[PDB]
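Listed next as C-alpha cells is one chain, alone, in the form deposited in one PDB entry.
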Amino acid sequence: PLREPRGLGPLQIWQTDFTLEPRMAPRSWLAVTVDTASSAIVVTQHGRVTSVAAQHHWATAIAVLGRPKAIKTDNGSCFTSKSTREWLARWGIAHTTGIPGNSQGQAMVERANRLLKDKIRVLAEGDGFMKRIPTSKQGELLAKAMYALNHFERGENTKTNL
C-alpha cells in the first residue's frame, strides 16, 4: 500500500517562476518556488535567467524543502531545455508545464511573486533605500523577506495574545 503523500496529506508539488526586481540589481532575477502543500516559499537571486540558474535555485530549494514529487513551471526555455530536463530526471522529479490544477495556471507562485516584491519594497524603504538596495545589504534583506513570508508567525486572523 505504499503511495503518497504523507498519509492523506497534500501531494508534494511545487510551482516555480522567475520574476524581475530591479531593487536587487545587478542580480535582479529572483527565482521563487512555492510548495503547494505547505505554502512555504524559497527565493534565490540570479544575474541572468538561464537553465543553470533554475537548477541552482532548485538545488537550494531541495535542501530547504526536501525533494518534491513534481514541479510545475511555465514553458520558458530555462525550464524546458534539454539541460534542465536532464537535471530533473537525475533527481527523479516529475515536471509539468501543464494544467492539472483547479484554476488558471500557477496562480500560487504569481501571488507569491507579488507578496515578495511588496515585502522587499517595504523592508528596503524601512532601511532608507528608496531605489536600488546596496549590493552588500541585499542577501540579508532577501533572507528577511523570506523569513517574513514563511514564519509569518501571526495573528493575521487571530485573537488577542502575548
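Each form is matched to the other, and the largest set of C-alpha atoms that superpose within 1.5 Å is called the rigid core. Residue numbers here begin at 1 and follow the sequence given. Residues that one form lacks are left out of the comparison.
Keep in mind that the form deposited in another entry is not shown, yet the notes after this line are about it.
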Listing 38, 96, 104, 136 as candidates, which single one shows a C-alpha movement of 2 Å or greater between this form and the one not shown when the core is held fixed?
104
The CA atoms of residue 75 and residue 98 move 3 Å or more in that other deposited form, ending up closer
Versus the form shown, are the CA atoms of residue 98 and residue 76 closer or farther apart in that other deposited form, given a shift of 3 angstroms or more?
closer
Could you identify the runs between this form and the one not shown where three or more consecutive residues, present in both forms, all have C-alpha shifts of 2 Å or more after superposing the core?
98 to 105
